[PDB]
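Visitor: Below is the sequence, then the experimental coordinates.
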Amino acid sequence: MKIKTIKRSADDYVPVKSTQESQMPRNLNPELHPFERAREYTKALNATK
Amino acid sequence: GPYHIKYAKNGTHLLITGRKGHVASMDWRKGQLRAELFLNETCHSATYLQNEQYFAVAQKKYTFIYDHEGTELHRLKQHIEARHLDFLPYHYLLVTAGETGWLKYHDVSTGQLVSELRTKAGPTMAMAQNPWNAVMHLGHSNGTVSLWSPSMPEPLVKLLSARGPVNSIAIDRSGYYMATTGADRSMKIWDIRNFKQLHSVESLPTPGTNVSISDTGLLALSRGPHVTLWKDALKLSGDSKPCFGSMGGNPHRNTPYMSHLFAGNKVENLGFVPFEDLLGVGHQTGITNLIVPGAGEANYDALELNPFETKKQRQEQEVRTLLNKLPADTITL
Amino acid sequence: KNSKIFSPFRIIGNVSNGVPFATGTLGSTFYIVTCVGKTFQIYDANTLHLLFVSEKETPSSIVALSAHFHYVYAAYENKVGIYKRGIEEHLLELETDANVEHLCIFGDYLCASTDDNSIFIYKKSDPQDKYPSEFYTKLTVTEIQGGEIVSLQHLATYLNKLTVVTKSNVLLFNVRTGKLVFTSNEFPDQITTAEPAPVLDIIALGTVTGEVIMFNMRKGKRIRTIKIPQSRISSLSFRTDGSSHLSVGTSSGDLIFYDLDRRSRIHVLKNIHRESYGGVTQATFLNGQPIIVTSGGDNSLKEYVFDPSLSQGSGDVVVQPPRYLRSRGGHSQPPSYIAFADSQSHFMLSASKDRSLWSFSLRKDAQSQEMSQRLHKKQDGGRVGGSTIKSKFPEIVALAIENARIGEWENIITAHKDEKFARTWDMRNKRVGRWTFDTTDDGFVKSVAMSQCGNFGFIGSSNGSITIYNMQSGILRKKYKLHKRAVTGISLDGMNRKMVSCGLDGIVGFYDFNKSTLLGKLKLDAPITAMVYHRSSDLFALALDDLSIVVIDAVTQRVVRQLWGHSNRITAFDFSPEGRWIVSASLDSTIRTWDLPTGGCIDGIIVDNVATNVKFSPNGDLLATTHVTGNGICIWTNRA
Amino acid sequence: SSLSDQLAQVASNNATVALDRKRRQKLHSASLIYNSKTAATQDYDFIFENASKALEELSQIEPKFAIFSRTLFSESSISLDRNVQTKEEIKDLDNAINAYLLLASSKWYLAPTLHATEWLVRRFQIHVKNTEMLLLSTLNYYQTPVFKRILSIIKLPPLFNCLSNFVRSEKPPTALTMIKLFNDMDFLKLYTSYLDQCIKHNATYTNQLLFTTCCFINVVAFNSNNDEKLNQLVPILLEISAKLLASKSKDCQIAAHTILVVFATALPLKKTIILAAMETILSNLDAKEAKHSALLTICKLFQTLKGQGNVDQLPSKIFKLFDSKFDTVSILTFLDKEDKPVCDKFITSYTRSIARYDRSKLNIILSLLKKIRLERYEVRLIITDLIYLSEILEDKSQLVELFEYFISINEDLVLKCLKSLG
Amino acid sequence: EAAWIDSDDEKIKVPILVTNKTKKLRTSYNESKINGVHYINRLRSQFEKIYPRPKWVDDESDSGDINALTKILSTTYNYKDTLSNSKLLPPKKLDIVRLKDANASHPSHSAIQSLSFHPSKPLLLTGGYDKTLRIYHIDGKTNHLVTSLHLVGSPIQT
Amino acid sequence: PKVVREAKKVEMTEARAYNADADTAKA
RNA sequence: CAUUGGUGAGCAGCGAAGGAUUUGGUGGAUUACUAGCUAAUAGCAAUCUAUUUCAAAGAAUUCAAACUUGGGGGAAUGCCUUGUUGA
Ligand SMILES: [Mg+2]
């Protein structure tokens, strides 16, 4: 049938050049970032401290 | 055997614990063994702490914390006969339950028992953390599912989701849906945001030992040697009800998305690989990974979890996750 | 012919009699059905453990074996039986005196070929019935149509066609309509084997002059011709592991492999089975795996495995040679001597005319093992004198075993034909020992005995001398010289005090082993052939030349009982463990039980084959006997 | 099996996945032109640029290289990663790479092949995946520096285990160890398959044949004592000789002649094999240099025959073929040269062949016998046949002259044949 | 092209759905009975799925030529000429078997200074400083002593 | 070092086989 | 003079197409041989999963449940028990 799977290109995510910085993918889905309110509060508390 | 398997949060490392006491921690992609213990005892489950460096093992009567190389670091005398282990990553809290019917939260960073709660319902049969709110769900012999927080001596909510013991519990990533299987050969999909039962697969061919929900929302069920998957089961529509077979090809009826049979093996536990289209299965003769297209999140966020983390990123990630650790009392419904 | 004390139990030491075995698959696993004379055994392909045996011995020898899932079909004389788990479920009786020769089962049809070129077809009464029972029709191939039938085969994807293969040519019979669909062209050479190929419409035919033909039935034309000059094909089989290999067995005892794709020979396995016993009678690739199971008439069944290629790329060209994996076996010729190794019914030693000595397990066939003959290096350091070409030791004529010192040093003595010394074996290590006992009088060894303490070994020479050695160090200690003729028996009582000997001159000497003195001498009328000493009761029986068994009490040195009735020489005899019975066999094809208190024969048997040896288990529960024919051991249960 | 052993197998399968930065450093550092520190700093575009120029220079030397500019050295190949490709695509990729290694086999002395090959080493990781093909193509340059660089950056297969010590070692592999590698039977089957591909593709060159022949010749020398192991070599290396004779290239044919001779002297063979061996030698004999070497091989093969029929006449089909590829004048020149090797047994079989099948050459028999001295038994066999000819064939002036020749030389023996026959 | 044709196949009509294994043959869900010719053809396609068709069956068929050397290797398995016919012994391998000692029947008491086989008869002569002439009948299995002759004060040097 | 010739453990694998039961048909 | 100390150079004797030392891998045993899978009074072994769903049965005020703690002294804030305030 039609089969497709997640496929990672290692070159994309691990740069070939040793000097190059590693790529940093970002997904802004809230489901991946739980405790939005609690985390900001503690960072507020740490900043005050 | 049998072997219980738990992947790391970023999916880079694998922890297998034999029942006879064979614990191994390895990097499965590159085939590198980090540590391998041959404790001559009865190990029940193990989990990774903040990162792959430390893991905890539930032995005969006490839980033990180990180092990356396998050197013991602590003997948790306060945890007695823990059978289930879970780690709340943002809170740095280790959670245990067992035959004592006591739910104990332990702070890895400070090494203080945050709180010990009495379940009062006998031995705990199942446990699963809700990642959205970090509220622990415990099943009991009386068939109820109780929701707990460190700051409450009594459960936040009690749900009656089976007429016998609840063998397993699983919760979606969003924290919106919950799947519970019981010894009454019944599987029920719950809506835990509103606490409304959506589906009730009343009769199964055999009792379902375990259930697991992937990032994409696939619903997995294991019944002795069988492993069955359903897609789009977690939806409020009636047509989404899990069904084993379509009657005359009814489009509405939801047939299994995938199936597999381990011929002579009783499946022990199910764990989806975090960021890969794979399903891990532990059984009597060892571990096996089944290829499940669409199982895992394709788009991970490197700020939270990164499969390609270097050691220097790991040690930096460790401190900053420790700096903004959420206090235990923050856990609420 | 029916005993009132004893009853047959089973036969030990046979794995195959030479009839082609049949392979059957249950799910993923496979099992092998092998013929043993009048009964069959089912081995697990994975471990070659016995699983089932036929419940009852068939009236006549089995000729063909075919297995489909649980059910096994065994053909003997004009009857084809259907067996499940070794228990008969139904019997098919053909209507002609002609004996069945070959057997094929496809779908609901069971096809039986008789020696008179008549093919009988049976059908299932119900489509869901497990096995065919009903008699459908009869198809006969005439000489004009073809010659003698070689084998019946059914190719895949053929609706109700049976591929009858005859010596002259191949024929296609539609069983449902009973009409000859197709006739092959006449072949020059006599066909001897037929094997369906995993490909469609192609059946491999093996000739008597080393030709393998890949005949295509649909086209009715030859596809390929392999040539094996100066050889006769006995088996064909295809590898279904995704590699196009063909294993061609030959009567000479060789197994050749051909890679059809590359038109090249992968390897040849030489002398896997003896040519004298029919060579490779059957060789079958297991369905979808590199393991090939081979059998022959030499009472052995082997398995060979193809390891993966050692080159990362081009794995097809670099093929590893087949490797021995596992096997089970027995004697190639009837056992000559037997003995019970341990007090329980635990292990049983057997030596045969094939120059091999075996330790057989009564309780699990897997435990049976061959006692290796690799020698120790001499203590002196001098080189051992022996032919560079390794050859098995001559046949074992006499044997004595003790267990008082098992695991500390040698505990078995064996005497060899036309050999002037007796060799030692160790049961625990299961290998020949390091000591050799010489008669020291230029005389062949005729009798061997062991003391109960396991310290001494007595060797009786053909020249009348008794030499006593020490087992621990193999050093000679004493030599007794009374008999002038061959000593045919030696025994020592449990207390290691009084020793008794017998010889062809007819005298029985009584010795005091401690003091080395002659207590007394007794002359019997006739020469003495054998001796059995009962240590518990201090009675020993002597098989005299005049067809008598004379029982004597060592304590008082007098004849206590004399037994008459055998019509010929007494091959062997033994005491019952309780000391109350003597069982003796003779060349007149009978076994008689003698009740010593009354001194009369209480039971008698008429064996088809002469019983060359008779031995009680020390428990008394089992009686084991060997016969002039049959490679195995006949085991009898003691109803008493 | 222990857990460690199974993980080791898992590690090998994922050797080139480049999971983390450290793994990328090891894989990308492997190089044939640059040291490790400079190699890591480089980028795929930089490596491709040099290779693209390098392949152009190779194309000028040999036009066939230009095809790979379409497939392996295309600008799109930069983004092509082998790990993410399916099984069917990898096999297609391996066929292209294997073909390239054959062309580059003969040009390793040129610098551009080292720059052209660097692209495949870095991009497609042939040194980890296609290690067997790379070593085989460069097997005959074992004393060159380039082979040393290959050994450093390459993980050895099980069959090439003998070369392990010379990995990252100052000395190059010695000629003696090269014999040991060929001594293994599995390697010979592996090499035979590789050599078969070269014959199919006409990709062979003199250096390959010279090196291949020596190792084959040396292997027989090492197994001369062991007759059983020699018996196992006959199916393989003779089968190679059959393939070499099939090549239209003359150099390949001469190697088959060199290989065939050593077996016949190393191992006596059936006359059926020797007769079949000639037919292959003569079937495709066109080049003059091959013709010279072949005729030397033909006589040597007969000299090894030491059984009944040692000097019996050639079969009719064989004789006609030999005459066509070698006229009588040619052999009369062969017998003329003083340095001719011992060939009497062939000349006897040839001489008896003439009488049976050709009546016109009977004068040639007289000339041949003078040129070469035949041994006593061989002379007796010839006289025996010519006696039969006189009774059947008409008495001819040449026929009686051949007798008259025997009358002059050893008159007594002529009577002995006549006494036994008539 | 088929050499033979069977008419029974065209007429027979089989149901598929009765047994589990045959169910996979259906091309559509509606059909339940198919005639024999189509039924066979479906079986053939399914059979290929179990056993893929290898190269040797289809693309290849057997139905001075250079390949004579390759052919002769295939037919012959023993590639060494039988040394029985050859009258000339092999160079480096000697086929030698030991037999029973000549002196075993009657041992000598001194060194065997000389040996000699009789020109025709099967006798062997031994002499030594024992001053005896021992003759043996060399048969290779027994080697009994035909006779002896003691020569007083005459050492046998040859 | 010469070529290592190890005998690797060989364990059975399930393989599909054609069933002759479908071959028979009834009119 | 003695070494039952090491390292060697050679005999006597033993002695059939060689002898000795070490070692990797797999196979069979180390308990007494009634066959594989499943939804199991039968199917499958080429699996079905296009009948696998309904029906029936099935919920202890036990509404109890750390038999599970290294010793001594306490325990602000917790947690358990008891009472109490106001809804
Ligand atoms: Mg070993």
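Guide: Right, received. Where do you want to start? Numbers count the residues shown, from 1 in each chain, chains lettered A, B, ... in the order given.

Visitor: Show me where the stretch 151-300 of chain B has its strands.
Guide: Along the stretch 151-300 of chain B, the stretches classed as strands by DSSP state E, counting those that start in this stretch are B:157-160, B:166-171, B:177-182, B:187-191, B:196-201, B:210-213, B:219-223, B:226-230, B:258-261, B:269-272, B:278-283, B:286-291.

Visitor: helix, strand or coil for the nearest residue to residue B:273 once chain neighbours are set aside?
Guide: Leaving aside its chain neighbours, residue B:273 sits nearest to residue B:11 (5.3 Å; criterion: Cβ to Cβ, 6 or more residues apart in numbering or on different chains). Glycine gets a C-beta too; all of them are placed from N, C-alpha and C. The three-state label given to residue B:11 by DSSP: H, G, I helix; E, B strand; the rest coil is coil.

Visitor: got a list of what residue C:459 touches?
Guide: C:413, C:415, C:422, C:437-439, C:445, C:447-448, C:466-469 (Cβ atoms under 8 Å, 6 or more residues apart in numbering or on different chains).

Visitor: And the residue nearest to residue B:273, how far from residue D:130?
Guide: Distance, residue B:11 to residue D:130, by Cβ to Cβ, to the nearest Å: 31 Å.

Visitor: and the helix or strand that contains residue E:14, how far out from the chain's middle?
Guide: Element membership for residue E:14 (DSSP states H and E) is strand E:13-15. Distance of strand E:13-15 from the chain centroid (Cα atoms, centre = their mean, to the nearest Å) equals 53 Å.

Visitor: That strand: which residues count as buried?
Guide: residue E:14 (16 or more other Cβ atoms under 10 Å in any protein chain shown).

Visitor: just stretch D:92-104 next, same as before
Guide: Buried-residue list, stretch D:92-104, by 16+ other Cβ under 10 Å: D:93, D:94, D:97, D:98, D:99, D:100, D:101, D:102, D:103, D:104.

Visitor: Who are the contact partners of the residue of chain D found nearest chain C?
Guide: Going by Cβ to the nearest Cβ, chain C is nearest to residue D:193 of chain D, at 4.2 Å. The neighbourhood of residue D:193, defined by Cβ under 8 Å, 6+ apart, consists of C:314, C:317, C:318.

Visitor: Can you confirm whether the one helix or strand residue B:320 maps to lies near chain A?
Guide: Per DSSP H and E, residue B:320 falls inside helix B:311-323. Yes. Helix B:311-323 comes into contact with chain A (Cβ under 8 Å from any Cβ of the partner chain), by way of residue B:323.

Visitor: Where does the residue sitting furthest away from the middle of chain E fall, secondary structure wise?
Guide: Going by Cα atoms, centre = their mean, the residue of chain E most distant from its centre is residue E:30, 61.1 Å out. In this assignment (DSSP H and E), residue E:30 forms part of neither any helix nor any strand.

Visitor: picking up where we left off before, and the residue of chain D closest to chain C, that's in a helix?
Guide: Yes. Per three-state DSSP, residue D:193 lies within a helix segment.

Visitor: what about residue C:302, which helix or strand?
Guide: Short version: residue C:302 belongs to strand C:300-305, going by DSSP H and E.

Visitor: following that strand, which helix or strand shows up next?
Guide: Counting by DSSP H and E, the next helix or strand C-terminal to strand C:300-305 is strand C:323-329.

Visitor: I would like the residues contacting that following strand, please.
Guide: C:15, C:43, C:47-48, C:291, C:298-307, C:365-366, C:368, C:370, F:7, F:10.

Visitor: list the contacts for the nearest residue to residue C:299 once chain neighbours are set aside?
Guide: Nearest residue to residue C:299 in three dimensions, chain neighbours excluded: residue C:330, at 4.4 Å (Cβ to Cβ, 6+ apart). Applying Cβ under 8 Å, 6+ apart to residue C:330 gives the contacts C:13, C:14, C:15, C:299, C:300, C:358, C:360, C:368, C:631, C:632.

Visitor: And these, which two are furthest apart?
Guide: Greatest spatial distance in these: C:300 and C:360, 14.5 Å, computed using Cβ to Cβ.

Visitor: So which of these two has more stuff around it?
Guide: Per other Cβ atoms under 10 Å in any protein chain shown, whichever of residue C:300 and residue C:360 has more neighbours is residue C:360, with 23 against 20.

Visitor: Could you look up the next helix or strand downstream of the helix or strand hosting the more buried one?
Guide: Under the criterion of DSSP H and E, residue C:360 resides in strand C:357-361. Remark: after strand C:357-361, the chain's next helix or strand is strand C:369-370, criterion DSSP H and E.

Visitor: Could you check that following strand against RNA strand G for contacts?
Guide: Yes. Using Cβ under 7 Å from any atom of the strand, strand C:369-370 reaches RNA strand G at residue C:369.
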